[PDB]
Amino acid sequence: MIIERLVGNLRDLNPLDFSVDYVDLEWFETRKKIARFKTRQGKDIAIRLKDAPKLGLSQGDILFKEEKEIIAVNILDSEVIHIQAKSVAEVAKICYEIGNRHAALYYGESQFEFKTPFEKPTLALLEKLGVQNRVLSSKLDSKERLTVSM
């Protein structure tokens, strides 16, 4: 089946009212408009999206919704550097240095927290700046991404 339009996002509804099948996406594939998947329940599903969200596909974005069945997007965990800034000035320094390296950056759960894909030089940079950071397996959700130019 080939889907051409998203139908919103699981946060807009009560998911327990529905059987939710997922398609698994890598964080770095979320900006694809044309792709094919096998859902976790083995359904053949493709996308050829006319107008995708500019941030890319987010967690819970709904590809298909009929009666009580949903096919929704899950973004796969990846190795992630989590950043804990301690001041507004630090937030500025960090984002500026990370932008200079052109590394992807995402907002974290709090206004002083950020996430970036694990890369050795990124790690080195933060350690160099003396910024508190953690390496974990986590989701890089498109809707949290800081835009390259948008």
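Counting begins at 1, following the sequence as shown.
For the stretches 102-110 and 46-54, which has the higher mean C-alpha B-factor as given in the deposited record? So the stretch with the higher mean C-alpha B-factor is 46-54.
In the PDB record, does 123-131 or 137-145 carry the higher mean Cα temperature factor? The stretch with the larger mean CA B-factor is 123-131.
Entry-reported Cα temperature factor of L63, expressed as the chain third it lands in: It falls in the bottom third of the chain.
State the tercile, meaning the lowest, middle or highest third, of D24 with respect to the CA B-factors recorded for its chain. Its C-alpha B-factor belongs to the lowest third of this chain's values.
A35 - Cα temperature factor, lowest/middle/highest third of chain: For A35, the deposited C-alpha B-factor lands in the middle third.
Divide the modelled residues of the chain into thirds by Cα B-factor and specify which third, lowest, middle or highest, holds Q41. According to the entry, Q41 has a C-alpha B-factor in the chain's highest third.
Test of reading the entry: by CA B factor among the chain's modelled residues, which third contains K86? As the PDB entry reports it, the C-alpha B-factor of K86 lands in the highest third of its chain.
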